[PDB]
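In the block that follows, a single chain appears as structure tokens, in the form deposited in one PDB entry.
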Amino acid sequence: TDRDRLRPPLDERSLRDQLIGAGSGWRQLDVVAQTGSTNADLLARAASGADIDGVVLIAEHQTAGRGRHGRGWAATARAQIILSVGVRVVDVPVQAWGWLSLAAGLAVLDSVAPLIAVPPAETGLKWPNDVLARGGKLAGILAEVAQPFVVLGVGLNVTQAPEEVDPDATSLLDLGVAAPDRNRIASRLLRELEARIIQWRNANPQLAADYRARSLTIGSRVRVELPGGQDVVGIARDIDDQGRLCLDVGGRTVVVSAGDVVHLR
């Protein structure tokens, strides 16, 4: 109840003023009070012929959020930054589209990293889509492919309490950021995201380099829970040029395109 006082609404006009115009690649930005899924919404626009490249959709509340692999995403009003953007990807080799998702998490991380007084342990990126802080899930990323576009979705916990959404979640407020400004964070996030998308489109090596620098997974003992229910235990060593996780399994290399990572002691 007290957190409500820490959840003023977004300022759509201000965001537009900042993010659309010379020097910026964003073409459209809308804030909606409520929707089922911002990712579904942008996919639907594309499916009816809309050019969603550089289109931004932000929702104050999201009632039927989607996670990876048919899972859900929970939210309460004004507690998160919940957005999707459209990205034209057909100009880029299909084998590289996996990196777009990794780039998105990096952008989210960089957009909020400096708000924390001192970064707790286990703060960075968990492959393939998690921004972690103090071991808690601060943000989740969902990339959905609908050539010629990919729709990139971000759910970032700003003041969202774990008790409201998920026991393994955290938020900026729960990390000690007393009065996070969603307007400022949203603007920084989208600016970081534009830069990373440009880097990705041009195969800039700095993208992979910066991702590696923030990886909590690389070098860690991991259990990876594969689509279909199988588990593989090993040590994460690298991310390949397709954005796939490379594991060391007793001296053998196992490359995973999708899975849920658990960092082990």
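What we label the rigid core is the largest C-alpha set whose atoms superpose within 1.5 Å from one form to the other. From 1 onward, residues are counted along the sequence shown.
Another form, the form deposited in another entry, is not on view; read the next lines as being about it.
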**Asked** Where among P205, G219, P227, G36 does the Cα move by 2 Å or more between the shown form and the other one after the core is superposed?
**Response** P227
**Prompt:** Does superposing the core leave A121 with a CA shift of 2 Å or more between the shown form and the other one?
**Reply:** yes
**Prompt:** With a C-alpha distance change of 3 Å or more, do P227 and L102 lie closer or farther in the other entry?
**Reply:** farther
**Item:** Direction of Cα pair change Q206-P120 in the other entry, magnitude 3 angstroms or more
**Value:** closer
